[PDB]
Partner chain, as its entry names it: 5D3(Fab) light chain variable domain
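Okay, here we've got a single chain as structure tokens, the form deposited without the partner chain, with questions on binding and movement later.
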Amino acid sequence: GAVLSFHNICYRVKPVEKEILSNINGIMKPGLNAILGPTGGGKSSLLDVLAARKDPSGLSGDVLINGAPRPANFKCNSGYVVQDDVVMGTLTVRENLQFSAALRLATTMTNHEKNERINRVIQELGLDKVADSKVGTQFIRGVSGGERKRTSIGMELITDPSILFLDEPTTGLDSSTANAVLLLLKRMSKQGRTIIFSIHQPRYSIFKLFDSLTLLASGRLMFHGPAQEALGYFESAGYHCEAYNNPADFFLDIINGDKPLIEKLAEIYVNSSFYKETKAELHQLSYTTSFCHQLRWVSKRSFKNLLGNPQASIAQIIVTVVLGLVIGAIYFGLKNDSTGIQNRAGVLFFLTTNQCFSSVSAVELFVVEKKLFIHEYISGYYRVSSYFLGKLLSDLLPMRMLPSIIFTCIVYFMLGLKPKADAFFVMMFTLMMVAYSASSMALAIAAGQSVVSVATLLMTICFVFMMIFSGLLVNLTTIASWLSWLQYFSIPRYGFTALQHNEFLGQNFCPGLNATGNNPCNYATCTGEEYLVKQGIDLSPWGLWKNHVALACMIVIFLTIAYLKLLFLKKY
């Protein structure tokens, strides 16, 4: 079996440094081990500390498995259940179990066998009635909290872990289901699996199931040893219970007071035989799956989440179509007359801005998953690179490409723009590039930010500032010499400039050309080239492709920054 141990553990949290956990020692031999205590004692903190999930800065003690230190593949053989559930709502139960099993369990086993285990676990936890039901979403009524909790438990139970940690496995579950869950854990722990869990308000039948007990309170350790001997240990010191029915309530009624009480009990413990014995024993003793597989399964999960979140995919497509048709009707039949310039520039500007501002929604779905991503990374699911590229090939690439195609296909021929294929495809390509660059910038800004409202604000502000330098609201030749340099950071500038260059080039907007020919007018701006020059634009085709290479470089740089912001993030 696995004989976990610890000695002289202490912990600190930061400015001022608070000591959540003080001197703690104990041994957790195979079987069933529990951690009772009141709220705020330090239950969850200790549990994470034992499962290598707290920053090692505060930790100041030795955690040893079987005497030898922590194995490097430790996280590949231990499961951890979270106090607050982390389960993708837009998926079903079975999808999530398949995902966890697929990424964590080895791929030598056939898919039929993994599905077999999944069915077995569903039976064990009593989830047949909601096996295929969707977990909670803001649009669909969610499954009951108990079923969600059992799902979180199963996602880790399927891994066949030799060591298992649970933080409040039974919170909100009715008594019968909780009894079923714990009987299952006992049946499993009688095979060598070393289980460690916290719990609130057990019943006596449960309390007889224990094999080792730990009692945390205000950081300090009150008692550690066999479950049976705890009552007698207290009996000797005092509190002749003889009246309470459930020993757990009795144990807490002493912590809660029913010189300082905490210190008194803790010193009684350190003067107990149990602590001497455990100090004696302590002193005496002292990735699974390749890159491609991770990428594929992450991308599939994101496919499903995106299709199930119908405010960034379907709403976006529909509004794009409606806008395209409306624009087509409004600007219909563009004329080479006085009004031609205004309409043409306006439509191009609108398309550019809409592409730029349509990326906020997609990244926002990337922000919310932060916590989920951290939990899944620590647990040992996927690398960082895999998660990044997966979310890219699932969200950024597919959905952002379509709007440009639809917009151009509808608009170009209704309005009456340049009647050449080259211009058509150039317009489509340019819109794609601005869209991707905006999404990249949003990812860079919003990567590793917990809150969405702040990120949305920042991105919106940045886009506004970029828009002021587009080329239509202000003429860029009037910009002061000490601020024109800012115009090179503007995505809309490159997109709009490139769209204007390929449209106005072969155009003349003064209808009377013989009349215009004899005496041209100084302040007339008849032709497209003159307007182009006045806005400060080159005429050479290099003057067009320069914007595209700039956009590509921006894409590369911003994606790299996002990857690093994720990499040096605090995953603890």
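Residue numbers count along the first chain shown, from 1. Heads up, when I say rigid core I mean the largest set of C-alphas that superpose within 1.5 Å between the two forms.
FYI, the form solved in complex with the partner chain isn't displayed, but the following is about it.
J.: Consider the chain as shown here, without its partner, and state which of 52, 539, 63, 59 has a heavy atom within 4.5 Å of the partner chain in the deposited complex.
T.: None of the other options qualify; the answer is 539.
J.: Would residue 422 sit within 4.5 Å of the partner chain in the deposited complex, counting heavy atoms only?
T.: The answer is no: residue 422 has no heavy atom within 4.5 Å of the partner chain.
J.: Do residue 263 and the partner chain share at least one heavy atom pair within 4.5 Å in the deposited complex?
T.: Heavy-atom contact with the partner chain at 4.5 Å: absent for residue 263.
J.: Can you check whether residue 67 is within 4.5 Å of the partner chain in the deposited complex, heavy atom basis?
T.: Looking in the deposited complex, residue contacts with the partner chain do not include residue 67, since no heavy atom lies within 4.5 Å.
J.: With heavy atoms only and a cut-off of 4.5 Å, decide whether residue 505 touches the partner chain in the deposited complex.
T.: Outside the cut-off, so no.
J.: Residue by residue through 500 to 519, tell me which have a non-hydrogen atom within 4.5 angstroms of the partner chain in the deposited complex.
T.: If the 4.5 Å heavy-atom criterion is applied to the partner chain in the deposited complex, 500 to 519 yields 516, 517, 518, 519.
J.: For the set 385, 311, 484, 336, which residue undergoes a C-alpha shift of 2 Å or more between the shown form and the other one, given alignment on the rigid core?
T.: The one that shifts is 311.
J.: With both forms fit on the core, has residue 198 moved 2 Å or more by CA between the shown form and the other one?
T.: Yes; residue 198 is a residue whose C-alpha shifts (by 2 Å or more) between the shown form and the other one when the cores are overlaid.
J.: Is residue 76 displaced by at least 2 Å at its C-alpha between the shown form and the other one when the rigid core is overlaid?
T.: Comparing forms between the shown form and the other one, the residue 76 CA shifts at least 2 Å.
J.: Taking the rigid core as the reference frame, tell me whether residue 321 has a CA displacement of 2 angstroms or more between the shown form and the other one.
T.: Result for residue 321: no, shift under 2 Å.
J.: Work out whether the Cα atoms of residue 538 and residue 516 come closer together or move farther apart in the deposited complex than they are in this form, the change being 3 angstroms or more.
T.: Their C-alpha distance shrinks by at least 3 Å in the deposited complex.
J.: With a C-alpha distance change of 3 Å or more, do residue 418 and residue 516 lie closer or farther in the deposited complex?
T.: They are closer; the C-alpha distance drops by 3 Å or more in the deposited complex.
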